[PDB]
Amino acid sequence: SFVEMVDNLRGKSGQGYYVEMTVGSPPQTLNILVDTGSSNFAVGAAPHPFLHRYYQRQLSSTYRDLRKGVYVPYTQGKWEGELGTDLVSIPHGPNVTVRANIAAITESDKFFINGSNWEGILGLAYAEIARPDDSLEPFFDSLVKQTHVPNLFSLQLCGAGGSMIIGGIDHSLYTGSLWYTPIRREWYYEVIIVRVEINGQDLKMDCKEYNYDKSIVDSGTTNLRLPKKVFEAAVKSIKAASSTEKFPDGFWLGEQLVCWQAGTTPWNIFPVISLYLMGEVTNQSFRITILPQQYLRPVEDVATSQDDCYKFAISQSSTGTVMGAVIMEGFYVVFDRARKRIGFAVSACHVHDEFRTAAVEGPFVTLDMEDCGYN
Ligand SMILES: CC(F)(F)c1cccc(CN[C@H]2CS(=O)(=O)C[C@@H](Cc3cc(F)c(N)c(Br)c3)[C@@H]2O)c1
């Protein structure tokens, strides 16, 4: 039941969101990062300073060794492992157990994070981007093939963890309309941005620029990441809007804190960002609106806790647009694989203050008939 799956996520935008899973027989419990930006299921399978626990294959009587290796480099971080299959379940997910491919991680570099509380990663994207290649069936594909569970899941990520609902839409997790954008190609969850506004002002670029290389929805990435040209325009607009405030050297590069007296963060001087996504009907679109409460990521540190401190959670990308966790937060996002579309609605934990709120609004119509896809 969906009600049983509500609030089955913990974690952060910055260090990711994780769900409890089990692997092996008898079941070994692990926390697993939920990642719509990759397609491998991999778990720590050897001791590591940052691992609280790990998959012990010798204690699983249902483990099968595939006698093959696998290497996965992400944008940051990488791991190497041995492939096998074993029985996998999600205690606070669907009431099923399936046999799935598992990469047992034996070596890693800057993959595991100190204090994150997860021990593996669940890549929920498509086989096309699986390593070593597309012949390695991803977990969700195995889940759908071996059970009767409908081919879709939804994510409700919440900031200061959320819910992953597998097999259907939980109407209790959103208000207002659910708006759908097509999945352009089934590899990453690739979508098309047709228009960008910052505080109501159109950036006025050829819309292909917004999707340069590609645009994807990626729960495993913290920031909104933008192609260079779009990033520079965004920073220009946000800097102009917040000009009454002085920001530290390096703030706009995303690795320097800015702090304000507790409760006094000047939210109002930062603009809202609107991303218009391609609709299901020709030249119609809808927008999701992003508040500074989203793109200024709070950095919890007891040492700095006399004040409220933030990092700028928009970054320049070399890999195309990435709608990461800070974008997904506050929205109910439906990965409707069966109908090749992604839905957005306002969730119960959407960000807002007394003047402004995150929103999903449509339809909007565009005159120009250009295809905004880059490829
Ligand atoms: C082919 C591939 F593996 F799917 C691939 C390769 C490069 C980029 C992408 C896009 N998705 C990536 C973006 S990322 O910033 O590297 C985070 C990564 C998951 C991840 C890896 C990590 F280490 C750590 N700590 C954390 Br937290 C989270 C996503 O998965 C996918």
# chains A, B, ... in the order shown; residues from 1 in each chain; ligands from 1
$ closest_atom_pairs --of "chain A" --to "ligand 1" --cutoff "9 Å" --atoms "only C-alpha atoms and all ligand atoms" --output "JSON lines"
{"residue": "A:13", "atom": "CA", "partner": "ligand 1", "partner_atom_place_in_ligand_line": "27 (Br)", "distance": 8.6}
{"residue": "A:14", "atom": "CA", "partner": "ligand 1", "partner_atom_place_in_ligand_line": "27 (Br)", "distance": 7.0}
{"residue": "A:15", "atom": "CA", "partner": "ligand 1", "partner_atom_place_in_ligand_line": "27 (Br)", "distance": 4.7}
{"residue": "A:16", "atom": "CA", "partner": "ligand 1", "partner_atom_place_in_ligand_line": "27 (Br)", "distance": 5.0}
{"residue": "A:17", "atom": "CA", "partner": "ligand 1", "partner_atom_place_in_ligand_line": "27 (Br)", "distance": 8.3}
{"residue": "A:33", "atom": "CA", "partner": "ligand 1", "partner_atom_place_in_ligand_line": "28 (C)", "distance": 7.4}
{"residue": "A:34", "atom": "CA", "partner": "ligand 1", "partner_atom_place_in_ligand_line": "19 (C)", "distance": 8.6}
{"residue": "A:35", "atom": "CA", "partner": "ligand 1", "partner_atom_place_in_ligand_line": "30 (O)", "distance": 6.0}
{"residue": "A:36", "atom": "CA", "partner": "ligand 1", "partner_atom_place_in_ligand_line": "30 (O)", "distance": 7.1}
{"residue": "A:37", "atom": "CA", "partner": "ligand 1", "partner_atom_place_in_ligand_line": "11 (N)", "distance": 3.9}
{"residue": "A:38", "atom": "CA", "partner": "ligand 1", "partner_atom_place_in_ligand_line": "4 (F)", "distance": 3.7}
{"residue": "A:39", "atom": "CA", "partner": "ligand 1", "partner_atom_place_in_ligand_line": "4 (F)", "distance": 5.8}
{"residue": "A:40", "atom": "CA", "partner": "ligand 1", "partner_atom_place_in_ligand_line": "3 (F)", "distance": 7.4}
{"residue": "A:72", "atom": "CA", "partner": "ligand 1", "partner_atom_place_in_ligand_line": "3 (F)", "distance": 5.6}
{"residue": "A:73", "atom": "CA", "partner": "ligand 1", "partner_atom_place_in_ligand_line": "3 (F)", "distance": 5.8}
{"residue": "A:74", "atom": "CA", "partner": "ligand 1", "partner_atom_place_in_ligand_line": "7 (C)", "distance": 3.8}
{"residue": "A:75", "atom": "CA", "partner": "ligand 1", "partner_atom_place_in_ligand_line": "16 (O)", "distance": 3.6}
{"residue": "A:76", "atom": "CA", "partner": "ligand 1", "partner_atom_place_in_ligand_line": "16 (O)", "distance": 4.7}
{"residue": "A:77", "atom": "CA", "partner": "ligand 1", "partner_atom_place_in_ligand_line": "23 (F)", "distance": 3.9}
{"residue": "A:78", "atom": "CA", "partner": "ligand 1", "partner_atom_place_in_ligand_line": "23 (F)", "distance": 5.9}
{"residue": "A:79", "atom": "CA", "partner": "ligand 1", "partner_atom_place_in_ligand_line": "23 (F)", "distance": 8.0}
{"residue": "A:109", "atom": "CA", "partner": "ligand 1", "partner_atom_place_in_ligand_line": "23 (F)", "distance": 8.2}
{"residue": "A:110", "atom": "CA", "partner": "ligand 1", "partner_atom_place_in_ligand_line": "23 (F)", "distance": 6.2}
{"residue": "A:111", "atom": "CA", "partner": "ligand 1", "partner_atom_place_in_ligand_line": "23 (F)", "distance": 3.6}
{"residue": "A:112", "atom": "CA", "partner": "ligand 1", "partner_atom_place_in_ligand_line": "25 (N)", "distance": 5.4}
{"residue": "A:113", "atom": "CA", "partner": "ligand 1", "partner_atom_place_in_ligand_line": "25 (N)", "distance": 5.8}
{"residue": "A:116", "atom": "CA", "partner": "ligand 1", "partner_atom_place_in_ligand_line": "27 (Br)", "distance": 8.1}
{"residue": "A:121", "atom": "CA", "partner": "ligand 1", "partner_atom_place_in_ligand_line": "19 (C)", "distance": 7.5}
{"residue": "A:123", "atom": "CA", "partner": "ligand 1", "partner_atom_place_in_ligand_line": "30 (O)", "distance": 7.1}
{"residue": "A:125", "atom": "CA", "partner": "ligand 1", "partner_atom_place_in_ligand_line": "4 (F)", "distance": 8.0}
{"residue": "A:128", "atom": "CA", "partner": "ligand 1", "partner_atom_place_in_ligand_line": "1 (C)", "distance": 8.9}
{"residue": "A:129", "atom": "CA", "partner": "ligand 1", "partner_atom_place_in_ligand_line": "1 (C)", "distance": 5.1}
{"residue": "A:130", "atom": "CA", "partner": "ligand 1", "partner_atom_place_in_ligand_line": "4 (F)", "distance": 6.2}
{"residue": "A:131", "atom": "CA", "partner": "ligand 1", "partner_atom_place_in_ligand_line": "1 (C)", "distance": 6.8}
{"residue": "A:187", "atom": "CA", "partner": "ligand 1", "partner_atom_place_in_ligand_line": "4 (F)", "distance": 8.8}
{"residue": "A:188", "atom": "CA", "partner": "ligand 1", "partner_atom_place_in_ligand_line": "4 (F)", "distance": 7.6}
{"residue": "A:216", "atom": "CA", "partner": "ligand 1", "partner_atom_place_in_ligand_line": "10 (C)", "distance": 8.3}
{"residue": "A:217", "atom": "CA", "partner": "ligand 1", "partner_atom_place_in_ligand_line": "11 (N)", "distance": 9.0}
{"residue": "A:218", "atom": "CA", "partner": "ligand 1", "partner_atom_place_in_ligand_line": "11 (N)", "distance": 6.1}
{"residue": "A:219", "atom": "CA", "partner": "ligand 1", "partner_atom_place_in_ligand_line": "29 (C)", "distance": 7.6}
{"residue": "A:220", "atom": "CA", "partner": "ligand 1", "partner_atom_place_in_ligand_line": "19 (C)", "distance": 4.5}
{"residue": "A:221", "atom": "CA", "partner": "ligand 1", "partner_atom_place_in_ligand_line": "15 (O)", "distance": 4.6}
{"residue": "A:222", "atom": "CA", "partner": "ligand 1", "partner_atom_place_in_ligand_line": "15 (O)", "distance": 7.3}
{"residue": "A:223", "atom": "CA", "partner": "ligand 1", "partner_atom_place_in_ligand_line": "15 (O)", "distance": 8.5}
{"residue": "A:319", "atom": "CA", "partner": "ligand 1", "partner_atom_place_in_ligand_line": "8 (C)", "distance": 7.7}
{"residue": "A:322", "atom": "CA", "partner": "ligand 1", "partner_atom_place_in_ligand_line": "10 (C)", "distance": 8.2}
{"residue": "A:324", "atom": "CA", "partner": "ligand 1", "partner_atom_place_in_ligand_line": "13 (C)", "distance": 8.5}
$ residues_around --residues "residue A:9" --least-positions-apart "4" --cutoff "9 Å" --atoms "only C-alpha atoms" --output "ChimeraX atom specification"
/A:5,17-20,34,156-157,161-164
$ residues_around --residues "residue A:82" --least-positions-apart "2" --cutoff "9 Å" --atoms "only C-alpha atoms" --output "mmCIF file with N, CA, C and O atoms, in the first residue's frame"
data_model
loop_
_atom_site.group_PDB
_atom_site.id
_atom_site.type_symbol
_atom_site.label_atom_id
_atom_site.label_comp_id
_atom_site.auth_asym_id
_atom_site.auth_seq_id
_atom_site.Cartn_x
_atom_site.Cartn_y
_atom_site.Cartn_z
ATOM 1 N N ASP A 65 27.598 -15.545 -8.300
ATOM 2 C CA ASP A 65 28.711 -14.786 -8.857
ATOM 3 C C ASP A 65 28.622 -14.821 -10.384
ATOM 4 O O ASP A 65 28.518 -15.893 -10.972
ATOM 5 N N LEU A 66 28.646 -13.655 -11.022
ATOM 6 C CA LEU A 66 28.626 -13.587 -12.482
ATOM 7 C C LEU A 66 30.043 -13.613 -13.055
ATOM 8 O O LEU A 66 30.224 -13.667 -14.272
ATOM 9 N N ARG A 67 31.040 -13.559 -12.173
ATOM 10 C CA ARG A 67 32.443 -13.721 -12.559
ATOM 11 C C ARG A 67 32.894 -12.651 -13.556
ATOM 12 O O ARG A 67 33.800 -12.869 -14.374
ATOM 13 N N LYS A 68 32.252 -11.491 -13.474
ATOM 14 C CA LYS A 68 32.569 -10.351 -14.325
ATOM 15 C C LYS A 68 32.746 -9.096 -13.480
ATOM 16 O O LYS A 68 32.147 -8.976 -12.413
ATOM 17 N N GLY A 69 33.576 -8.170 -13.951
ATOM 18 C CA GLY A 69 33.814 -6.948 -13.205
ATOM 19 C C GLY A 69 33.111 -5.752 -13.817
ATOM 20 O O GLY A 69 32.618 -5.814 -14.943
ATOM 21 N N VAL A 70 33.062 -4.654 -13.073
ATOM 22 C CA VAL A 70 32.399 -3.448 -13.549
ATOM 23 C C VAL A 70 33.031 -2.205 -12.937
ATOM 24 O O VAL A 70 33.387 -2.190 -11.761
ATOM 25 N N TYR A 71 33.171 -1.163 -13.750
ATOM 26 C CA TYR A 71 33.738 0.103 -13.305
ATOM 27 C C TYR A 71 32.758 1.218 -13.650
ATOM 28 O O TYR A 71 32.283 1.303 -14.781
ATOM 29 N N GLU A 80 34.666 0.466 -8.335
ATOM 30 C CA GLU A 80 34.938 -0.741 -9.096
ATOM 31 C C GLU A 80 34.355 -1.897 -8.301
ATOM 32 O O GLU A 80 34.383 -1.887 -7.070
ATOM 33 N N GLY A 84 27.190 -9.723 -9.637
ATOM 34 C CA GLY A 84 26.517 -10.956 -9.284
ATOM 35 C C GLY A 84 25.026 -10.698 -9.267
ATOM 36 O O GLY A 84 24.583 -9.595 -9.590
ATOM 37 N N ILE A 102 23.570 -7.030 -8.928
ATOM 38 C CA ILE A 102 24.187 -6.219 -7.892
ATOM 39 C C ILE A 102 25.675 -6.115 -8.182
ATOM 40 O O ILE A 102 26.355 -7.128 -8.355
ATOM 41 N N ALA A 103 26.175 -4.889 -8.243
ATOM 42 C CA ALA A 103 27.611 -4.674 -8.276
ATOM 43 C C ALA A 103 28.119 -4.598 -6.841
ATOM 44 O O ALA A 103 27.729 -3.712 -6.076
ATOM 45 N N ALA A 104 28.979 -5.541 -6.472
ATOM 46 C CA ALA A 104 29.582 -5.536 -5.148
ATOM 47 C C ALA A 104 30.853 -4.701 -5.207
ATOM 48 O O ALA A 104 31.830 -5.091 -5.845
ATOM 49 N N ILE A 105 30.825 -3.546 -4.552
ATOM 50 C CA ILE A 105 31.917 -2.589 -4.648
ATOM 51 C C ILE A 105 33.098 -3.024 -3.787
ATOM 52 O O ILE A 105 32.971 -3.181 -2.573
ATOM 53 N N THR A 106 34.246 -3.218 -4.431
ATOM 54 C CA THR A 106 35.437 -3.723 -3.751
ATOM 55 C C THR A 106 36.515 -2.650 -3.631
ATOM 56 O O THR A 106 37.390 -2.730 -2.764
#
$ closest_residue --among "A:132, A:263, A:373, A:298" --to "residue A:209" --atoms "only C-alpha atoms"
A:373
$ atom_distance --atom1 "atom CA of residue A:141" --atom2 "atom CA of residue A:91"
18.5 Å
$ residues_around --residues "residue A:193" --least-positions-apart "4" --cutoff "7 Å" --atoms "only C-alpha atoms" --output "tab-separated table (two decimals) with C-alpha atoms, in the first residue's frame"
chain	number	residue	atom	x	y	z
A	210	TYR	CA	18.69	25.38	-22.52
A	211	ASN	CA	19.15	21.74	-23.48
A	275	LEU	CA	11.74	26.53	-15.95
A	276	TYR	CA	9.16	25.92	-18.68
A	277	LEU	CA	9.04	22.26	-19.69
A	278	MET	CA	7.71	20.90	-22.96
$ residues_around --residues "stretch 353-364 of chain A" --least-positions-apart "4" --cutoff "10 Å" --atoms "only C-alpha atoms" --output "PyMOL selection string"
chain A and resi 176-179+267-268+272-279+281+283-294+329-331+344-347
$ closest_residue --among "A:271, A:150, A:94, A:26" --to "residue A:337" --atoms "only C-alpha atoms"
A:150
$ residues_around --residues "residue A:53" --least-positions-apart "2" --cutoff "10 Å" --atoms "only C-alpha atoms" --output "list in words"
residues 28, 29, 30, 31, 44, 45, 46, 47, 48, 49, 50, 51, 55, 56, 117, 118 and 119 of chain A
$ atom_distance --atom1 "atom CA of residue A:63" --atom2 "atom CA of residue A:88"
10.5 Å
$ select_by_dssp --residues "stretch 88-257 of chain A" --states "helix (DSSP H, G or I)" --output "PyMOL selection string"
chain A and resi 127-129+139-146+171-173+207-211+228-241+251-253
$ select_by_dssp --residues "stretch 97-315 of chain A" --states "strand (DSSP E or B)" --output "PyMOL selection string"
chain A and resi 97-109+120-123+153-157+162-166+174-182+186+189-191+193-198+201-202+215-217+224-227+258-261+273-278+284-290+296-298+307-312+314-315
$ residues_around --residues "residue A:170" --least-positions-apart "3" --cutoff "9 Å" --atoms "only C-alpha atoms" --output "list in words"
residues 2, 3, 6, 154, 165, 173 and 174 of chain A
$ write_last_selection --atoms "N, CA, C and O atoms" --output "PDB file, in the first residue's frame"
ATOM      1  N   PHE A   2       0.409   2.287  -0.701  1.00  0.00           N
ATOM      2  CA  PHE A   2       1.169   3.525  -0.813  1.00  0.00           C
ATOM      3  C   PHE A   2       1.373   4.177   0.548  1.00  0.00           C
ATOM      4  O   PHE A   2       2.428   4.748   0.820  1.00  0.00           O
ATOM      5  N   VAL A   3       0.363   4.085   1.407  1.00  0.00           N
ATOM      6  CA  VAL A   3       0.441   4.681   2.734  1.00  0.00           C
ATOM      7  C   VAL A   3       1.612   4.098   3.519  1.00  0.00           C
ATOM      8  O   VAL A   3       2.216   4.777   4.349  1.00  0.00           O
ATOM      9  N   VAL A   6       4.924   5.892   2.345  1.00  0.00           N
ATOM     10  CA  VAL A   6       5.120   7.298   2.660  1.00  0.00           C
ATOM     11  C   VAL A   6       6.210   7.467   3.714  1.00  0.00           C
ATOM     12  O   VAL A   6       6.298   6.688   4.663  1.00  0.00           O
ATOM     13  N   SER A 154       7.328   7.373  -8.127  1.00  0.00           N
ATOM     14  CA  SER A 154       7.314   8.807  -7.900  1.00  0.00           C
ATOM     15  C   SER A 154       8.215   9.147  -6.730  1.00  0.00           C
ATOM     16  O   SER A 154       8.427   8.326  -5.831  1.00  0.00           O
ATOM     17  N   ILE A 165       7.387   6.340  -3.928  1.00  0.00           N
ATOM     18  CA  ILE A 165       6.224   5.488  -4.121  1.00  0.00           C
ATOM     19  C   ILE A 165       6.429   4.668  -5.388  1.00  0.00           C
ATOM     20  O   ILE A 165       6.546   5.221  -6.482  1.00  0.00           O
ATOM     21  N   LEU A 173       0.074  13.046  -1.692  1.00  0.00           N
ATOM     22  CA  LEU A 173       1.390  13.676  -1.640  1.00  0.00           C
ATOM     23  C   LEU A 173       1.485  14.955  -2.467  1.00  0.00           C
ATOM     24  O   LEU A 173       2.532  15.605  -2.486  1.00  0.00           O
ATOM     25  N   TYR A 174       0.404  15.317  -3.152  1.00  0.00           N
ATOM     26  CA  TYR A 174       0.405  16.548  -3.934  1.00  0.00           C
ATOM     27  C   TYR A 174      -0.944  17.252  -3.964  1.00  0.00           C
ATOM     28  O   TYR A 174      -1.989  16.633  -3.759  1.00  0.00           O
TER      29      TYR A 174
END
$ atom_distance --atom1 "atom CA of residue A:182" --atom2 "atom CA of residue A:366"
16.7 Å
$ closest_residue --among "A:280, A:194, A:83, A:96" --to "residue A:339" --atoms "only C-alpha atoms"
A:280
$ closest_residue --among "A:166, A:342, A:309, A:191" --to "residue A:265" --atoms "only C-alpha atoms"
A:309
$ decode --residues "stretch 113-185 of chain A" --atoms "C-alpha atoms" --output "PDB file, in the first residue's frame"
ATOM      1  CA  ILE A 113      30.717  10.187   1.828  1.00  0.00           C
ATOM      2  CA  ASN A 114      31.693  10.440   5.482  1.00  0.00           C
ATOM      3  CA  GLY A 115      28.488  10.564   7.524  1.00  0.00           C
ATOM      4  CA  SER A 116      25.923  10.170   4.729  1.00  0.00           C
ATOM      5  CA  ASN A 117      24.365   7.039   6.263  1.00  0.00           C
ATOM      6  CA  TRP A 118      24.082   5.178   2.957  1.00  0.00           C
ATOM      7  CA  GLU A 119      26.081   2.192   1.742  1.00  0.00           C
ATOM      8  CA  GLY A 120      25.076   1.843  -1.889  1.00  0.00           C
ATOM      9  CA  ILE A 121      23.310   3.395  -4.859  1.00  0.00           C
ATOM     10  CA  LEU A 122      20.107   2.505  -6.701  1.00  0.00           C
ATOM     11  CA  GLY A 123      20.286   3.695 -10.287  1.00  0.00           C
ATOM     12  CA  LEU A 124      16.707   4.120 -11.486  1.00  0.00           C
ATOM     13  CA  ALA A 125      17.405   5.255 -15.055  1.00  0.00           C
ATOM     14  CA  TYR A 126      17.444   3.116 -18.201  1.00  0.00           C
ATOM     15  CA  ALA A 127      19.695   0.306 -19.416  1.00  0.00           C
ATOM     16  CA  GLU A 128      21.218   2.491 -22.128  1.00  0.00           C
ATOM     17  CA  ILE A 129      23.523   4.119 -19.563  1.00  0.00           C
ATOM     18  CA  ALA A 130      24.189   1.034 -17.435  1.00  0.00           C
ATOM     19  CA  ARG A 131      27.794  -0.138 -17.098  1.00  0.00           C
ATOM     20  CA  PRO A 132      29.545  -2.118 -18.443  1.00  0.00           C
ATOM     21  CA  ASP A 133      26.830  -1.834 -21.083  1.00  0.00           C
ATOM     22  CA  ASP A 134      23.096  -1.903 -21.744  1.00  0.00           C
ATOM     23  CA  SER A 135      22.944  -5.688 -21.385  1.00  0.00           C
ATOM     24  CA  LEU A 136      23.073  -5.321 -17.594  1.00  0.00           C
ATOM     25  CA  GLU A 137      19.413  -5.115 -16.605  1.00  0.00           C
ATOM     26  CA  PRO A 138      18.721  -2.283 -14.113  1.00  0.00           C
ATOM     27  CA  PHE A 139      16.886  -2.960 -10.851  1.00  0.00           C
ATOM     28  CA  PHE A 140      13.590  -1.329 -11.754  1.00  0.00           C
ATOM     29  CA  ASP A 141      13.398  -3.277 -15.007  1.00  0.00           C
ATOM     30  CA  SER A 142      13.924  -6.515 -13.072  1.00  0.00           C
ATOM     31  CA  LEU A 143      11.304  -5.434 -10.535  1.00  0.00           C
ATOM     32  CA  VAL A 144       8.693  -4.835 -13.228  1.00  0.00           C
ATOM     33  CA  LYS A 145       9.499  -8.033 -15.138  1.00  0.00           C
ATOM     34  CA  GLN A 146       9.327 -10.322 -12.110  1.00  0.00           C
ATOM     35  CA  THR A 147       6.343  -8.765 -10.327  1.00  0.00           C
ATOM     36  CA  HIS A 148       3.008  -7.236 -11.291  1.00  0.00           C
ATOM     37  CA  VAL A 149       4.090  -3.774 -10.129  1.00  0.00           C
ATOM     38  CA  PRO A 150       3.109  -1.006 -12.584  1.00  0.00           C
ATOM     39  CA  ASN A 151       5.983   0.539 -14.537  1.00  0.00           C
ATOM     40  CA  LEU A 152       6.327   3.842 -12.724  1.00  0.00           C
ATOM     41  CA  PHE A 153       7.537   5.383  -9.489  1.00  0.00           C
ATOM     42  CA  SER A 154       7.314   8.807  -7.900  1.00  0.00           C
ATOM     43  CA  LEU A 155       9.630  10.827  -5.691  1.00  0.00           C
ATOM     44  CA  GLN A 156       8.663  13.410  -3.099  1.00  0.00           C
ATOM     45  CA  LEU A 157      11.917  14.874  -1.840  1.00  0.00           C
ATOM     46  CA  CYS A 158      11.689  17.242   1.095  1.00  0.00           C
ATOM     47  CA  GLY A 159      14.182  19.746   2.443  1.00  0.00           C
ATOM     48  CA  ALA A 160      14.714  20.672   6.085  1.00  0.00           C
ATOM     49  CA  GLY A 161      13.274  13.181   4.126  1.00  0.00           C
ATOM     50  CA  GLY A 162      10.535  12.245   1.701  1.00  0.00           C
ATOM     51  CA  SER A 163       8.762   9.400  -0.076  1.00  0.00           C
ATOM     52  CA  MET A 164       9.481   7.032  -2.933  1.00  0.00           C
ATOM     53  CA  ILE A 165       6.224   5.488  -4.121  1.00  0.00           C
ATOM     54  CA  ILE A 166       6.678   2.490  -6.401  1.00  0.00           C
ATOM     55  CA  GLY A 167       3.870   1.306  -8.640  1.00  0.00           C
ATOM     56  CA  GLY A 168       1.527   4.277  -8.682  1.00  0.00           C
ATOM     57  CA  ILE A 169       0.621   7.854  -7.852  1.00  0.00           C
ATOM     58  CA  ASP A 170      -0.212   8.816  -4.272  1.00  0.00           C
ATOM     59  CA  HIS A 171      -2.651  11.721  -4.541  1.00  0.00           C
ATOM     60  CA  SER A 172      -2.134  12.463  -0.852  1.00  0.00           C
ATOM     61  CA  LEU A 173       1.390  13.676  -1.640  1.00  0.00           C
ATOM     62  CA  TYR A 174       0.405  16.548  -3.934  1.00  0.00           C
ATOM     63  CA  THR A 175      -2.109  19.348  -4.425  1.00  0.00           C
ATOM     64  CA  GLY A 176      -3.317  21.028  -7.598  1.00  0.00           C
ATOM     65  CA  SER A 177      -2.657  19.714 -11.093  1.00  0.00           C
ATOM     66  CA  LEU A 178      -0.068  17.153 -12.164  1.00  0.00           C
ATOM     67  CA  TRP A 179       1.631  18.408 -15.351  1.00  0.00           C
ATOM     68  CA  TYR A 180       3.504  16.052 -17.677  1.00  0.00           C
ATOM     69  CA  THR A 181       6.552  16.556 -19.860  1.00  0.00           C
ATOM     70  CA  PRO A 182       7.636  13.886 -22.387  1.00  0.00           C
ATOM     71  CA  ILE A 183      10.702  11.771 -21.796  1.00  0.00           C
ATOM     72  CA  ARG A 184      12.692  12.694 -24.903  1.00  0.00           C
ATOM     73  CA  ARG A 185      14.836   9.563 -24.885  1.00  0.00           C
TER      74      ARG A 185
END
